[PDB]
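# I would like the atomic coordinates for the input below:
(chains A and B, ligands or ions: 1)
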Amino acid sequence: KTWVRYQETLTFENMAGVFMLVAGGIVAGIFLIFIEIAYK
Amino acid sequence: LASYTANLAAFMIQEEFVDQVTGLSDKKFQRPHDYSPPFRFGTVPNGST
Ligand SMILES: *[C@@H]1O[C@H](CO)[C@@H](O)[C@H](O)[C@H]1NC(C)=O
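Numbers count the residues shown, from 1 in each chain, chains lettered A, B, ... in the order given. Next comes the structure:
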């Protein structure tokens, strides 16, 4: 219990690049929407 | 949704197993009235155990 027994997939993997890519798509898409507002 | 269903399927695949008693010094080994089913265990008679 002093040394032997004492020692020292998930959703974090499939969220980071997806969140950053959707965030970059939103940042590009807002500018494209303002270009379309300037078009109409 | 696809990622969450894949997570549930992989968590079924990553199948661990908990145990009822994980120690000879268990609190269940004090009194079987501590929980609602009184469990039972014996030994061999006249044995070294
Ligand atoms: C165990 O020990 C007792 C001691 O009296 C003996 O009578 C009996 O025959 C032995 N056999 C059993 C039940 O294991």
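# Burial check on the residue in chain B that chain A sits nearest to, number of neighbours?
Closest residue of chain B to chain A, C-beta to the nearest C-beta: residue B:3 (4.8 Å). Yep, even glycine has a C-beta here, placed from its N, CA and C like the rest. Residue B:3 has 12 neighbours, counted by other C-beta atoms under 10 Å in any protein chain shown.
# residue contacts, the residue of chain A found nearest chain B?
As assessed by C-beta to the nearest C-beta, chain B sits closest to residue A:14 within chain A, at 4.8 Å. Shown in contact with residue A:14 (C-beta atoms under 8 Å, 6 or more residues apart in numbering or on different chains): B:3, B:7.
# Quick check: which element contains it?
Following DSSP states H and E, there is no helix or strand that holds residue A:14.
# what sits up against stretch B:1-17?
Applying C-beta under 8 Å, 6+ apart, the contact partners of stretch B:1-17 are A:9, A:11, A:14.
# and the residue of chain B closest to chain A, how far is that from residue B:21?
For residue B:3, the distance to residue B:21 (C-beta to C-beta, to the nearest Å) stands at 37 Å.
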